[PDB]
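Next comes coords38.tsv, a file with TSV, C-alpha atoms and all ligand atoms.
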chain	number	residue	atom	x	y	z
A	243	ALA	CA	-23.89	18.53	21.75
A	244	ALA	CA	-21.26	19.29	18.95
A	245	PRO	CA	-19.39	15.95	18.66
A	246	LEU	CA	-17.89	16.94	15.21
A	247	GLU	CA	-16.58	20.40	16.39
A	248	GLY	CA	-13.39	21.14	14.34
A	249	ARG	CA	-13.86	18.13	11.97
A	250	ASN	CA	-13.95	18.38	8.12
A	251	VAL	CA	-16.31	15.96	6.25
A	252	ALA	CA	-16.82	15.78	2.43
A	253	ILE	CA	-20.00	14.29	0.82
A	254	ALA	CA	-19.41	12.96	-2.75
A	255	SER	CA	-22.85	12.19	-4.28
A	256	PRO	CA	-24.47	12.76	-7.70
A	257	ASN	CA	-27.83	13.25	-5.81
A	258	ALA	CA	-28.64	16.93	-4.85
A	259	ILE	CA	-30.98	15.82	-1.96
A	260	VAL	CA	-28.31	13.48	-0.44
A	261	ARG	CA	-25.56	16.19	-0.72
A	262	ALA	CA	-27.82	18.86	0.98
A	263	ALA	CA	-29.26	16.48	3.67
A	264	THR	CA	-25.81	15.03	4.58
A	265	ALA	CA	-24.23	18.56	4.66
A	266	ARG	CA	-27.05	19.72	7.04
A	267	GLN	CA	-26.41	16.62	9.32
A	268	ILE	CA	-22.60	17.29	9.34
A	269	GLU	CA	-23.11	20.99	10.31
A	270	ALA	CA	-25.86	20.29	12.97
A	271	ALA	CA	-23.29	17.92	14.69
A	272	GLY	CA	-20.78	20.89	14.68
A	273	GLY	CA	-18.67	19.71	11.66
A	274	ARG	CA	-17.71	21.58	8.44
A	275	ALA	CA	-19.34	20.10	5.26
A	276	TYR	CA	-17.68	19.97	1.75
A	277	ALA	CA	-20.34	18.95	-0.88
A	278	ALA	CA	-19.06	17.44	-4.19
A	279	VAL	CA	-20.61	15.58	-7.19
A	280	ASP	CA	-17.93	12.77	-7.29
A	281	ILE	CA	-14.63	11.51	-5.73
A	282	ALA	CA	-12.31	13.70	-7.92
A	283	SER	CA	-14.32	16.90	-7.01
A	284	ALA	CA	-14.33	15.88	-3.27
A	285	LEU	CA	-10.48	15.54	-3.37
A	286	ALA	CA	-10.13	18.94	-5.17
A	287	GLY	CA	-12.67	20.80	-2.93
A	288	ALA	CA	-12.11	19.42	0.61
A	289	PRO	CA	-9.23	19.94	3.09
A	290	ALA	CA	-6.54	17.18	3.08
A	291	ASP	CA	-7.73	15.89	6.55
A	292	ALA	CA	-11.48	15.62	5.55
A	293	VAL	CA	-13.24	12.26	6.05
A	294	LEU	CA	-14.91	11.37	2.68
A	295	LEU	CA	-18.57	10.17	2.70
A	296	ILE	CA	-18.85	8.49	-0.76
A	297	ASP	CA	-22.33	7.57	-2.15
A	298	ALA	CA	-22.35	3.98	-3.61
A	299	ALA	CA	-24.49	5.60	-6.38
A	300	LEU	CA	-20.97	6.53	-7.79
A	301	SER	CA	-20.07	2.78	-8.25
A	302	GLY	CA	-19.54	1.36	-11.78
A	303	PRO	CA	-22.38	-0.80	-13.24
A	304	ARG	CA	-20.79	-3.98	-11.71
A	305	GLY	CA	-20.31	-2.17	-8.32
A	306	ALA	CA	-16.55	-1.16	-8.47
A	307	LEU	CA	-15.89	1.78	-6.09
A	308	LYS	CA	-12.29	2.76	-5.15
A	309	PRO	CA	-11.79	4.82	-1.97
A	310	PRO	CA	-8.85	7.25	-2.53
A	311	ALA	CA	-5.46	5.88	-1.31
A	312	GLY	CA	-4.22	7.39	2.00
A	313	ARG	CA	-7.66	8.93	2.78
A	314	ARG	CA	-10.39	8.04	5.36
A	315	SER	CA	-13.62	7.06	3.49
A	316	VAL	CA	-17.08	5.74	4.48
A	317	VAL	CA	-19.46	4.38	1.78
A	318	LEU	CA	-23.25	5.21	1.72
A	319	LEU	CA	-25.33	2.04	0.93
A	320	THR	CA	-29.02	1.08	0.58
A	321	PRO	CA	-30.06	-1.83	2.86
A	322	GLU	CA	-30.21	-4.00	-0.34
A	323	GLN	CA	-26.44	-3.29	-0.97
A	324	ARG	CA	-25.16	-4.81	2.37
A	325	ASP	CA	-23.92	-7.83	0.29
A	326	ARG	CA	-21.11	-5.43	-0.92
A	327	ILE	CA	-19.65	-4.73	2.58
A	328	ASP	CA	-16.77	-7.32	2.29
A	329	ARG	CA	-15.70	-6.08	-1.20
A	330	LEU	CA	-15.84	-2.38	-0.11
A	331	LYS	CA	-13.83	-3.10	3.09
A	332	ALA	CA	-11.24	-5.03	0.92
A	333	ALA	CA	-11.11	-1.95	-1.42
A	334	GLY	CA	-10.09	0.13	1.70
A	335	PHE	CA	-13.36	1.73	3.01
A	336	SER	CA	-13.28	2.35	6.80
A	337	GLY	CA	-17.02	1.56	7.21
A	338	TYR	CA	-20.51	2.06	5.77
A	339	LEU	CA	-23.66	4.09	6.54
A	340	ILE	CA	-27.19	2.91	5.55
A	341	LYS	CA	-29.40	5.42	3.59
A	342	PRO	CA	-31.37	7.16	4.90
A	343	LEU	CA	-28.52	8.28	7.31
A	344	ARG	CA	-28.97	8.62	11.10
A	345	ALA	CA	-27.03	11.63	12.52
A	346	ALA	CA	-25.64	9.48	15.42
A	347	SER	CA	-24.35	6.82	12.93
A	348	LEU	CA	-22.73	9.48	10.68
A	349	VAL	CA	-20.96	10.95	13.78
A	350	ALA	CA	-19.68	7.50	14.98
A	351	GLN	CA	-18.30	6.49	11.49
A	352	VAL	CA	-16.59	9.93	10.98
A	353	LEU	CA	-15.02	9.85	14.53
A	354	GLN	CA	-13.74	6.22	14.05
A	355	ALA	CA	-12.77	6.52	10.31
A	356	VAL	CA	-9.43	4.73	9.45
A	357	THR	CA	-7.11	5.23	6.44
A	358	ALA	CA	-7.08	3.21	3.20
A	359	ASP	CA	-3.58	1.82	2.27
A	360	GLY	CA	-1.27	3.83	-0.14
A	361	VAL	CA	-0.32	7.59	-0.05
A	369	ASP	CA	13.17	12.13	-2.80
A	370	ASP	CA	16.83	12.37	-1.55
A	371	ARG	CA	17.94	10.29	-4.62
A	372	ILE	CA	19.13	12.95	-7.20
B	401	LIG	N1	-23.04	1.70	10.44
B	401	LIG	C1	-22.04	0.85	10.72
B	401	LIG	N2	-22.13	0.04	11.78
B	401	LIG	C2	-21.04	-0.77	11.90
B	401	LIG	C3	-19.93	-0.84	11.08
B	401	LIG	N3	-19.04	-1.80	11.53
B	401	LIG	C4	-19.61	-2.30	12.60
B	401	LIG	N4	-20.81	-1.71	12.90
B	401	LIG	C5	-21.71	-2.11	13.98
B	401	LIG	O1	-22.62	-3.02	13.40
B	401	LIG	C6	-23.87	-2.89	14.10
B	401	LIG	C7	-24.97	-3.48	13.27
B	401	LIG	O2	-25.13	-2.63	12.12
B	401	LIG	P1	-26.25	-3.02	11.04
B	401	LIG	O3	-26.16	-4.51	10.90
B	401	LIG	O4	-25.97	-2.14	9.85
B	401	LIG	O5	-27.68	-2.74	11.74
B	401	LIG	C8	-28.10	-1.38	11.94
B	401	LIG	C9	-29.13	-0.86	10.95
B	401	LIG	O6	-30.17	-1.71	10.56
B	401	LIG	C10	-29.77	0.28	11.74
B	401	LIG	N5	-29.10	1.54	11.47
B	401	LIG	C11	-27.95	1.97	12.08
B	401	LIG	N6	-27.51	3.11	11.61
B	401	LIG	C12	-28.42	3.44	10.62
B	401	LIG	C13	-28.45	4.58	9.78
B	401	LIG	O7	-27.62	5.49	9.70
B	401	LIG	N7	-29.56	4.53	8.92
B	401	LIG	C14	-30.51	3.54	8.89
B	401	LIG	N8	-31.50	3.71	8.01
B	401	LIG	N9	-30.47	2.46	9.67
B	401	LIG	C15	-29.41	2.48	10.51
B	401	LIG	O8	-29.62	-0.03	13.11
B	401	LIG	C16	-28.87	-1.26	13.26
B	401	LIG	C17	-28.03	-1.19	14.51
B	401	LIG	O9	-26.93	-0.26	14.30
B	401	LIG	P2	-25.85	0.03	15.45
B	401	LIG	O10	-26.60	0.08	16.75
B	401	LIG	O11	-24.96	1.17	15.07
B	401	LIG	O12	-24.91	-1.26	15.47
B	401	LIG	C18	-23.99	-1.40	14.36
B	401	LIG	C19	-22.53	-0.99	14.63
B	401	LIG	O13	-22.26	-0.86	16.01
B	401	LIG	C20	-19.85	0.02	9.96
B	401	LIG	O14	-18.97	0.08	9.09
B	401	LIG	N10	-20.98	0.84	9.85
B	402	LIG	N1	-33.20	7.56	19.06
B	402	LIG	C1	-34.24	7.81	18.25
B	402	LIG	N2	-34.32	8.96	17.59
B	402	LIG	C2	-35.42	9.03	16.80
B	402	LIG	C3	-36.39	8.07	16.61
B	402	LIG	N3	-37.36	8.53	15.72
B	402	LIG	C4	-36.95	9.73	15.39
B	402	LIG	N4	-35.78	10.09	16.00
B	402	LIG	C5	-35.08	11.37	15.91
B	402	LIG	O1	-35.83	12.26	15.11
B	402	LIG	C6	-35.01	12.71	13.99
B	402	LIG	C7	-35.85	13.04	12.79
B	402	LIG	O2	-36.60	11.88	12.41
B	402	LIG	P1	-37.29	11.76	10.96
B	402	LIG	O3	-37.97	13.05	10.62
B	402	LIG	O4	-38.14	10.52	10.96
B	402	LIG	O5	-36.00	11.67	9.99
B	402	LIG	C8	-35.30	10.43	9.91
B	402	LIG	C9	-35.95	9.39	9.01
B	402	LIG	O6	-36.60	9.93	7.86
B	402	LIG	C10	-34.75	8.56	8.55
B	402	LIG	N5	-34.53	7.34	9.31
B	402	LIG	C11	-33.46	7.03	10.11
B	402	LIG	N6	-33.54	5.83	10.64
B	402	LIG	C12	-34.73	5.32	10.14
B	402	LIG	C13	-35.35	4.06	10.36
B	402	LIG	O7	-34.94	3.10	11.03
B	402	LIG	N7	-36.55	3.95	9.65
B	402	LIG	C14	-37.10	4.92	8.86
B	402	LIG	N8	-38.27	4.61	8.28
B	402	LIG	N9	-36.53	6.11	8.66
B	402	LIG	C15	-35.35	6.24	9.32
B	402	LIG	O8	-33.61	9.39	8.65
B	402	LIG	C16	-33.97	10.68	9.20
B	402	LIG	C17	-32.85	11.18	10.07
B	402	LIG	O9	-32.73	10.31	11.23
B	402	LIG	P2	-31.92	10.92	12.48
B	402	LIG	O10	-30.74	11.71	11.98
B	402	LIG	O11	-31.67	9.78	13.45
B	402	LIG	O12	-32.91	12.03	13.08
B	402	LIG	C18	-34.03	11.56	13.80
B	402	LIG	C19	-33.70	11.26	15.26
B	402	LIG	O13	-32.82	12.22	15.80
B	402	LIG	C20	-36.30	6.84	17.31
B	402	LIG	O14	-37.09	5.89	17.30
B	402	LIG	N10	-35.18	6.81	18.15
B	403	LIG	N1	-31.37	7.42	15.56
B	403	LIG	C1	-32.51	6.86	15.15
B	403	LIG	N2	-32.84	5.64	15.56
B	403	LIG	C2	-34.02	5.23	15.06
B	403	LIG	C3	-34.87	5.91	14.21
B	403	LIG	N3	-35.98	5.14	13.92
B	403	LIG	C4	-35.79	4.03	14.59
B	403	LIG	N4	-34.61	4.01	15.29
B	403	LIG	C5	-34.08	2.93	16.11
B	403	LIG	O1	-34.94	1.81	15.99
B	403	LIG	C6	-35.45	1.45	17.30
B	403	LIG	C7	-36.84	0.90	17.17
B	403	LIG	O2	-37.70	1.92	16.64
B	403	LIG	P1	-39.28	1.73	16.81
B	403	LIG	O3	-39.58	0.29	16.51
B	403	LIG	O4	-39.98	2.81	16.02
B	403	LIG	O5	-39.48	1.88	18.40
B	403	LIG	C8	-39.40	3.18	19.00
B	403	LIG	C9	-40.75	3.88	18.89
B	403	LIG	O6	-41.84	3.02	19.16
B	403	LIG	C10	-40.64	4.87	20.04
B	403	LIG	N5	-40.06	6.16	19.69
B	403	LIG	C11	-38.88	6.71	20.13
B	403	LIG	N6	-38.67	7.91	19.67
B	403	LIG	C12	-39.79	8.18	18.90
B	403	LIG	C13	-40.15	9.33	18.16
B	403	LIG	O7	-39.54	10.40	18.07
B	403	LIG	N7	-41.40	9.18	17.55
B	403	LIG	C14	-42.19	8.06	17.61
B	403	LIG	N8	-43.35	8.11	16.95
B	403	LIG	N9	-41.85	6.97	18.29
B	403	LIG	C15	-40.65	7.11	18.90
B	403	LIG	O8	-39.84	4.27	21.03
B	403	LIG	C16	-39.29	3.04	20.51
B	403	LIG	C17	-37.90	2.82	21.06
B	403	LIG	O9	-37.02	3.84	20.54
B	403	LIG	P2	-35.44	3.55	20.59
B	403	LIG	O10	-35.05	2.98	21.93
B	403	LIG	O11	-34.75	4.82	20.19
B	403	LIG	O12	-35.23	2.39	19.50
B	403	LIG	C18	-35.32	2.73	18.12
B	403	LIG	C19	-34.00	3.28	17.59
B	403	LIG	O13	-32.89	2.63	18.18
B	403	LIG	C20	-34.51	7.22	13.77
B	403	LIG	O14	-35.13	7.97	12.99
B	403	LIG	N10	-33.29	7.61	14.29
Take the structure from the file and write it as structure tokens.
Ligand SMILES: Nc1nc2c(ncn2[C@@H]2O[C@@H]3COP(=O)(O)O[C@H]4[C@@H](O)[C@H](n5cnc6c(=O)[nH]c(N)nc65)O[C@@H]4COP(=O)(O)O[C@H]3[C@H]2O)c(=O)[nH]1
Ligand SMILES: Nc1nc2c(ncn2[C@@H]2O[C@@H]3COP(=O)(O)O[C@H]4[C@@H](O)[C@H](n5cnc6c(=O)[nH]c(N)nc65)O[C@@H]4COP(=O)(O)O[C@H]3[C@H]2O)c(=O)[nH]1
Ligand SMILES: Nc1nc2c(ncn2[C@@H]2O[C@@H]3COP(=O)(O)O[C@H]4[C@@H](O)[C@H](n5cnc6c(=O)[nH]c(N)nc65)O[C@@H]4COP(=O)(O)O[C@H]3[C@H]2O)c(=O)[nH]1
Amino acid sequence: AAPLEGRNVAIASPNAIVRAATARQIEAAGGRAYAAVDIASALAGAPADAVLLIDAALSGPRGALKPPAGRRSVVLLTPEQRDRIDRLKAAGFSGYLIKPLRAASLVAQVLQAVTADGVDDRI
């Protein structure tokens, strides 16, 4: 009953209620939660192996949202924002979760999370 035992998961969200609720879901599943207000603070505050849960609330006005290169990221969407799935997958997101999050769905997308593309002897 601890499917995230020994897993690190960051939650980047500008919303206090989403950061606290998602951190409580990560920890109840046996994971370690790293709460941050945005992508830069999630990269600075979370272990290098953490899966990044990134709130689509952090998108630009036209919906641009870049998952960090060489990291494993899942985007949090409203049901009305499902039209963005193809663009967010093309940007390098592993998958999506629909707000409000189901614990079982969070666990499955963290366990299956895949890397975005991207990341000397010559003196
Ligand atoms: N979340 C997610 N699923 C992916 C992804 N790629 C493929 N799938 C698969 O797509 C199925 C349909 O997902 P949906 O259309 O979002 O349809 C969903 C959605 O309406 C609802 N649902 C699932 N998870 C959540 C959740 O966390 N919150 C809320 N509010 N609804 C959820 O239940 C339906 C059935 O979900 P599943 O049985 O998991 O079945 C999912 C899942 O097995 C991905 O990136 N993310
Ligand atoms: N298999 C199953 N489990 C159920 C069902 N109803 C409740 N639960 C369980 O009860 C927990 C708490 O439910 P909640 O207070 O409604 O708290 C829920 C609720 O407010 C919301 N939520 C998730 N999916 C939906 C949905 O499809 N519709 C609505 N209206 N709210 C949802 O997200 C919260 C967290 O969801 P969970 O983490 O899944 O946590 C859920 C889940 O473990 C059900 O029909 N089937
Ligand atoms: N993880 C999760 N999944 C959710 C949640 N809300 C809805 N779902 C998903 O949506 C399906 C249909 O929910 P329903 O129409 O309320 O249909 C539900 C509902 O009528 C009832 N049910 C099951 N658990 C509860 C519960 O804790 N409270 C209430 N009041 N009804 C429940 O049994 C039906 C069948 O349940 P399921 O086979 O689980 O099928 C559920 C489940 O797969 C949620 O909060 N968390």
*Write out as a list in words which residues come within 7 Å of residue 335 in chain A when counting only C-alpha atoms, dropping same-chain ones fewer than 4 positions away.*
residues 309, 315, 316, 317, 330, 331 and 358 of chain A
*Name each residue within 9 Å of ligand LIG 403 (chain B), counting all atoms listed in the file, as a ChimeraX atom specification.*
/A:342-347
Just-selected residues, C-alpha atoms written as a PDB file, in the coordinates of the input:
ATOM      1  CA  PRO A 342     -31.370   7.160   4.900  1.00  0.00           C
ATOM      2  CA  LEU A 343     -28.520   8.280   7.310  1.00  0.00           C
ATOM      3  CA  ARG A 344     -28.970   8.620  11.100  1.00  0.00           C
ATOM      4  CA  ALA A 345     -27.030  11.630  12.520  1.00  0.00           C
ATOM      5  CA  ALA A 346     -25.640   9.480  15.420  1.00  0.00           C
ATOM      6  CA  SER A 347     -24.350   6.820  12.930  1.00  0.00           C
TER       7      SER A 347
END
*Which one is closest to ligand LIG 401 (chain B): A:351, A:264, A:301, A:255? Count only C-alpha atoms and all ligand atoms.*
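Of A:351, A:264, A:301, A:255, the one nearest ligand LIG 401 (chain B), counting only C-alpha atoms and all ligand atoms, is A:351.
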_Atomic separation - atom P2 of ligand LIG 402 (chain B) relative to CA of residue 310 in chain A, Å_ =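 One can read the CA of residue 310 in chain A to atom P2 of ligand LIG 402 (chain B) distance as 27.8 Å.
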*Which is closest to residue 360 in chain A among A:244, A:306, A:251, A:311, if we use only C-alpha atoms?*
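Answer, going by the shortest atom-to-atom distance: A:311.
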*With only C-alpha atoms as the basis for distance, which of A:290, A:307, A:349, A:299 is at the shortest distance from residue 267 in chain A?*
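Distance minimum relative to residue 267 in chain A lands on A:349.
Across A:286, A:327, A:294, A:355, the tightest approach to residue 254 in chain A is made by A:294 when counting only C-alpha atoms.
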*Among listed residues A:372, A:268, A:252, A:353, nearest residue 284 in chain A (using all atoms listed in the file)*: A:252
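The shortest atom-to-atom distance to ligand LIG 401 (chain B), with all atoms listed in the file taken into account, belongs to A:326 out of A:249, A:308, A:326, A:261.
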*Could you check how far CA of residue 303 in chain A sits from CA of residue 283 in chain A, in Å to one decimal?*
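For CA of residue 303 in chain A relative to CA of residue 283 in chain A, the distance reads 20.4 Å.
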*Long-range neighbours of residue 321 in chain A as a ChimeraX atom specification, 9 Å cut-off, all atoms listed in the file, 4 positions minimum in chain*: /A:325,340-341
*Separation of CA of residue 275 in chain A and CA of residue 288 in chain A, in Å?*
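CA of residue 288 in chain A lies at a distance of 8.6 Å from CA of residue 275 in chain A.
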Centre, x/y/z edge lengths, axis-aligned box for ligand LIG 401 (chain B) with 5 Å per side, as JSON:
{"center_x": -25.2, "center_y": 0.5, "center_z": 12.4, "size_x": 22.5, "size_y": 20.0, "size_z": 18.7}
*Selection near residue 246 in chain A, 6 Å with only C-alpha atoms, sequence-local residues under 4 positions removed, as JSON, numbers by chain*: {"A": [271, 272, 273]}
